Amino acid sequence: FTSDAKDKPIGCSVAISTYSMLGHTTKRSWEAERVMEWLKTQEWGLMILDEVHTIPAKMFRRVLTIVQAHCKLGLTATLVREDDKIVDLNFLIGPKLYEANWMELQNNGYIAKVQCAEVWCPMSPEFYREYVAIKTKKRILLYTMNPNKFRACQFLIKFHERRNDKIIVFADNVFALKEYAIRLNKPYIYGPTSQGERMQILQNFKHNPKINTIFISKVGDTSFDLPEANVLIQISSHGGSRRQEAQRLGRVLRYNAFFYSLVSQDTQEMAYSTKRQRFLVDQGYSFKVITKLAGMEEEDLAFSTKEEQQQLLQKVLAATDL
Amino acid sequence: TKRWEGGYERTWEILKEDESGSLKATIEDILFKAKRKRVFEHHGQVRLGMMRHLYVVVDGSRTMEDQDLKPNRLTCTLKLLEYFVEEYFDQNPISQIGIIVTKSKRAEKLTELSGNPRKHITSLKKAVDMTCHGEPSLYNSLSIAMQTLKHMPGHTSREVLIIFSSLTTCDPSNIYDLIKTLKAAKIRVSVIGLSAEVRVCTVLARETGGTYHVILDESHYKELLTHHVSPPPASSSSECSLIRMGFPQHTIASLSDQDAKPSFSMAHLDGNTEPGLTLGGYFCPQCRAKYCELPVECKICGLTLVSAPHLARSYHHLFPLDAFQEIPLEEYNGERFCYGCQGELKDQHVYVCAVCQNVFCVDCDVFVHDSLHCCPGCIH
Amino acid sequence: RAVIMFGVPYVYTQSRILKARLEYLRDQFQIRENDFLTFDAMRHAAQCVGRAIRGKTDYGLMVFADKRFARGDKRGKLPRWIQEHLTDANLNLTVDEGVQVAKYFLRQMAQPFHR
Amino acid sequence: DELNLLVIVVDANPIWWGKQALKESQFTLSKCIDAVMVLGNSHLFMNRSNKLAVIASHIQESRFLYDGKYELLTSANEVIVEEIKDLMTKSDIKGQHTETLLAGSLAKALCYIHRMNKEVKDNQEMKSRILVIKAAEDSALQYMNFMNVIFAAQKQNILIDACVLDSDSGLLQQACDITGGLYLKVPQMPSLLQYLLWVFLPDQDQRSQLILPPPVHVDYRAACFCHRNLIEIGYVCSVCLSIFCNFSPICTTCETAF
Amino acid sequence: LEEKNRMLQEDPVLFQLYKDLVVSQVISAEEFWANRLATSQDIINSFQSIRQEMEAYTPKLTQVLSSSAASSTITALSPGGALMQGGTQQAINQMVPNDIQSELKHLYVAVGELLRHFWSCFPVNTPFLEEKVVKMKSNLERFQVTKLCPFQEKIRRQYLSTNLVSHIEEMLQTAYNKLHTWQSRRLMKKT
Amino acid sequence: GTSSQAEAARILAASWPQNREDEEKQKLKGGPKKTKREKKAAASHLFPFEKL
Ligand SMILES: [Zn+2]
Ligand SMILES: [Zn+2]
Ligand SMILES: [Zn+2]
Ligand SMILES: [Zn+2]
Ligand SMILES: [Zn+2]
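What follows is the structure, encoded as structure tokens:
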């Protein structure tokens, strides 16, 4: 029941739908209205909720009260959430039943032993002056488009492609991701592209040796059907969302694999990365700090000279969204 | 009903206290039970074997140029074949390997059927830079293998392994007649394909008694090769099967004695470069021919030169060590020192051999059953 | 193992026999001419493509070499036992990705299964 | 953190030492025991954590032998002297057996090394080697057990060093070659201690630094099942890999296996 | 003739061997291409004597080693010593010049081929093979006289310290002894 | 520019966390390796791109 095929939801044993449709605050579709009227007239056994962590919302909570069910079973992988609304989930649904021990889970070999990495790059002088000069929230793009971080990401991409490893590159701030992906001429998901284009890109991502690296803009921050990947490189993620980082780490496991996080020194990204890894260290993961990359000057990388690095300043300051 | 819908398991009920501190006995028991996690057998599978004349058929068609396995099928196949040859010669002392390459509707015998590991590896390394052209011909390769293995002794297990990458084979004649002839020749044929299932390969494997498999990835390829490494089970007694083979002692030469006699190696004489005229090596017990590598069949008199330790390494399977009788320490009225390690016996259980009636601790018993394979007391 | 449909099989409109039946269905059973033509085409396509699966152990590949099959009005005419296996991921993919999908499917279907 | 374990196996066959004493030569069993004790004391002096074990092989069985000088050495030497005196004084010839039970002593040494390995703290690795001094002639009746011991030592990565005095032993040469140990024949018996300190005293890592005599011509003659004698050419079964000196219509071992 | 000549031209080494065997009258051309196509109670007395001798045992220090013994042991273990023999064909890669080395390799190949033929003939199960082994022995002797004797003379003239001929003599002597033993058995079987 | 490559490499490669690590490396590594197991531990904890 998602207003896409309408496979006669009336008179069904198991019904599968999504949020934001059972709690509509506006006028509803006639067929959808009739389906909801039918659905609100009978009891439900074992109402299953997915991604329960984002249950305590303004409209998602009343979804529990808008339908009647006997048992409410919630499933999630990242129970961590800000705004301390997880306590509300104790009485909204029930108590925390089971919490898997990830360390012993990966010790059995059924979960990939991901070697977590936290490697930072120094801020180029052409960028740090502008970073310390501006404070009105325009510095988000500055450390995001750090030339040193760009070189590190390109080096990691090339190294892992040379050994035939599937790579997923997470990157928020899709504006930066545009010039981050078109520079290397690699597929990227802007996010409001289409439904078909994303599906075919992800479908040909796995069974193709020619292309094995993609860029994602906050779209992979949920439970999707992304294929198996061994390398994850996140750049300029959200502020302090431990849930987002835990989900991104969850997209790799299924040292079989390893994921890297790139941050800029002497910036808010350092504090953000420090405060958003406290969930995984409680889970047992340790983030090794990498300050030097072997063979950085062995091959040619982008932004080799200062000319294009200083040219990047004009285009990164060209936003002027006022 | 369901197993998980009944009562919740309470595993912590095992531990109990009676003297406010007896948990030490329980944890000691747990530690004692943690040991002896093996079946006292390093392999636990086939306890014997039989001489195998294995032929490996390698596709050389354009399909080997595909990049399914990095960098291409041919290179990964050759690397895994080198590993397979090494492991197979390690686990089979008197076996032989031949290599046939199929290309352009023809079959070429790349290497003769022999037991030398270095020659096969050298040929495989040379074959890395070959040219992949044409289409494979299973009929010709099987005909060559049958012709070579037709005259082999019956007691030897004749096996043929085919690595079929291309899905199409060109047969100059009917192939099912050849399959029937192979069945009459008692030749085992196994096929490991790469792309998909092929009807002819499955029929051939089923009729010849072999196994047909399809590769999922490089790890599955290696697993299939390792499975093929193990020798097949052998009957208790077949015939008067024996073989005249020598045991060349590794006699080196020193200039201190007057018998310092340099000699060119027979294997090195065929090389383009200057053969190594070393001081000494392995001299044939029959015709005093000099060889550097073992096991190598003698070129002159045809004798087989094998290393005695290689043959003797599998002798423990013939006479496995009987499991020792577990007896509690209190019930044993004798010495409280282990006969093997001279350590004091403090464990709750003491193991006594049925032959010499000695005392061995848990660690010494595990060491004897796993590695030593012989009772120290029985030796005396 | 593979059944290929080169285009939607449409009966020839000539001989002035199909058009008479179309007119009769239009003025009698209120059947749209395009709807009936699509129904006949998809019925023939499914009949000639569903003969590759006879028995539980049997397996096969089915491909349609026409973008017109991509429209929902023709996909909906396929039998239900084939609809659920036709994911939205592969509805307009090119030849190379179709070949890759076929390779993966055949590679993964060769392993032993139990009864 | 480098722990070295030295297990010294002493060929205490009474017959060979009695013949040597009757020869009235400059070398006796007492001098051999003194040299072994000095070598053990030097090994203990090499490092604090070094551990020493001494096993003497006899026709009967294997005996665990273990003022101005070191206290621990004084205690160690006295215990070894007492043990060897007890073994020799109570050594009574009862039977026709003359060959030394070398294999059993090696098995006991392997068991002792395995026991000591577990007691070692996990942060340290106990590199263990076995030194054997050979006086009597080699025994071919224990070929299978000797090969099993060699294979176990190779599996556990234990060096085996042989110091042949009078008669060369092929089994010791095979053990040294397989386990990577050193095989040396003593030219002058009274100088035995100098050879032991010059060659067998340093550890394997030190052997890489030092220059050592090349290995002697190691033989690999096999032992027939029905003769237990060294052979150059023999018949070998294709099923159980048993070795026979003469052709047989049926394999005796395969006949046993049903 | 034309077919036979082309085979020799393609392999000059075989052509050299063909001349060294056919022109030198060692073998006939017909046979050349045919193949191509303890004691008493004194022991107990000694055991008792050593038992009594070691019954009263006292450790010694000075008698264990001496300066002369240590010096002799070091000299033996010094480089160039008995156990540390450093010669071991010092420059055999450059000793016995490669002109002789090529001839030595050719002689090795010829002897190996002849012995391979001899051992293929062995064992002799038919009276036909009896003459063939005699012919092989005659060919071996002719080849030895034709080549090895001048080879030995050249080695003696140049005074090469390596006993290259010794291994070749060992194989030939072994083959001759085996043939003589088999002939002796054949005579015994007829008795 | 030829000099631009060198200038950018000098600035980037050793900006913050190399001007003190290189000094410590130059003022250290005088004694030999304590044990070979340290190299094994380093190889096990090092990422694949730091092994080449
Ligand atoms: Zn030979
Ligand atoms: Zn014990
Ligand atoms: Zn026993
Ligand atoms: Zn025998
Ligand atoms: Zn047998």
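Residue numbers (this note's numbering), protein chains in the order written: chain A, 1 to 322; chain B, 323 to 702; chain C, 703 to 817; chain D, 818 to 1075; chain E, 1076 to 1266; chain F, 1267 to 1318. Backbone N, C-alpha and C define an ideal beta-carbon position, used for all residues, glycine too.
For residue i, would you say it is in contact with chain E, using Cβ-to-Cβ distances shorter than 8 Å as the test?
| i | result |
| --- | --- |
| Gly-624 of chain B | yes |
| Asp-851 of chain D | yes |
Between residue i and chain A, is the shortest Cβ-Cβ distance under 8 Å, so that the two count as touching?
| i | result |
| --- | --- |
| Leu-1294 of chain F | no |
| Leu-795 of chain C | yes |
| residue 823 of chain C | Residue 823 of chain C is absent from the structure shown; chain C starts at 703 and stops at 817. |
How far does the beta strand (DSSP E) with residue i in it reach, from first residue to last?
| i | result |
| --- | --- |
| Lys-431 of chain B | 428 to 436 |
| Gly-568 of chain B | 566 to 568 |
| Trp-120 of chain A | 114 to 121 |
| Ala-870 of chain D | 868 to 874 |
| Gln-234 of chain A | 231 to 235 |
| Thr-424 of chain B | 418 to 425 |
| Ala-257 of chain A | 257 to 264 |
Along the chain, where does the alpha helix (DSSP H) that runs through residue i open and close?
| i | result |
| --- | --- |
| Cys-980 of chain D | Premise fails: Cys-980 of chain D lies in the beta strand (DSSP E), 976 to 981, not in any alpha helix (DSSP H). |
| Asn-208 of chain A | Premise fails: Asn-208 of chain A is in no alpha helix (DSSP H) and is neither H nor E. |
| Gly-987 of chain D | 987 to 996 |
| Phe-646 of chain B | Taken as a continuous stretch (DSSP letters only), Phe-646 of chain B belongs to no alpha helix (DSSP H), as it is neither H nor E. |
Check whether the Cβ atoms of residue i and residue j lie closer than 8 Å to each other.
| i | j | result |
| --- | --- | --- |
| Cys-116 of chain A | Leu-280 of chain A | yes |
| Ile-565 of chain B | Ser-1055 of chain D | yes |
| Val-751 of chain C | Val-705 of chain C | yes |
| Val-522 of chain B | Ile-485 of chain B | no |
| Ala-676 of chain B | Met-964 of chain D | no |
| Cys-678 of chain B | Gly-699 of chain B | yes |
| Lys-113 of chain A | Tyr-285 of chain A | no |
| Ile-422 of chain B | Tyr-377 of chain B | yes |
| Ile-509 of chain B | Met-468 of chain B | yes |
Answer yes or no: does any C-beta atom of chain F fall closer than 8 Å to that of residue i?
| i | result |
| --- | --- |
| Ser-194 of chain A | no |
Mind reading off the beta-carbon distance from residue i to residue j? Whole number of angstroms is fine, and I expect it under 8 Å.
| i | j | result |
| --- | --- | --- |
| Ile-995 of chain D | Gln-971 of chain D | 5 Å |
| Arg-81 of chain A | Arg-243 of chain A | 6 Å |
| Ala-920 of chain D | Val-966 of chain D | 6 Å |
| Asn-867 of chain D | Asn-821 of chain D | 5 Å |
| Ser-261 of chain A | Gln-234 of chain A | 5 Å |
| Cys-1062 of chain D | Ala-1074 of chain D | The pair is not a contact, with the Cβ atoms about 20 Å apart (cut-off 8 Å). |
| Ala-429 of chain B | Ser-463 of chain B | 4 Å |
From the beta carbon of residue i, is the nearest beta carbon of chain B less than 8 Å away?
| i | result |
| --- | --- |
| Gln-837 of chain D | no |
Tell me, please, whether the CB atom of residue i is closer than 8 Å to any CB atom in chain C?
| i | result |
| --- | --- |
| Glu-657 of chain B | no |
| residue 711 of chain B | Look at the range of chain B in this structure, 323 to 702, and you will see that residue 711 of chain B is not part of it. |
| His-53 of chain A | no |
| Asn-204 of chain A | yes |
| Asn-208 of chain A | yes |
Can you give me the Cβ contacts of residue i inside the same chain, cut-off strictly under 7 Å, excluding the 5 residues immediately before and after it?
| i | result |
| --- | --- |
| residue 1345 of chain E | As displayed, chain E neither begins before 1076 nor continues past 1266, which places residue 1345 of chain E out of reach and without an answer. |
| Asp-985 of chain D | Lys-1002 |
Using a Cβ-Cβ cutoff of less than 8 Å, which residues in the same chain neighbour residue i once the five nearest sequence positions on both sides are dropped?
| i | result |
| --- | --- |
| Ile-755 of chain C | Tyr-761, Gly-762 |
| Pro-650 of chain B | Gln-670, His-671, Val-672 |
| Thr-25 of chain A | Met-59 |
| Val-674 of chain B | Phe-646, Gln-647, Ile-649, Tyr-654, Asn-680, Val-681, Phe-682 |
Chain D beta carbons: is any one of them nearer than 8 Å to that of residue i?
| i | result |
| --- | --- |
| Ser-587 of chain B | no |
| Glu-1245 of chain E | no |
Under the criterion of a Cβ to heavy atom distance below 7 Å, does residue i qualify as lining ligand 7?
| i | result |
| --- | --- |
| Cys-1041 of chain D | The model on display carries ligand 1, ligand 2, ligand 3, ligand 4 and ligand 5 but not ligand 7. |
Looking at the C-beta of residue i, does it have a partner C-beta in chain I at a distance below 8 Å?
| i | result |
| --- | --- |
| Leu-633 of chain B | No chain I is present in this structure, whose protein chains are A, B, C, D, E and F. |
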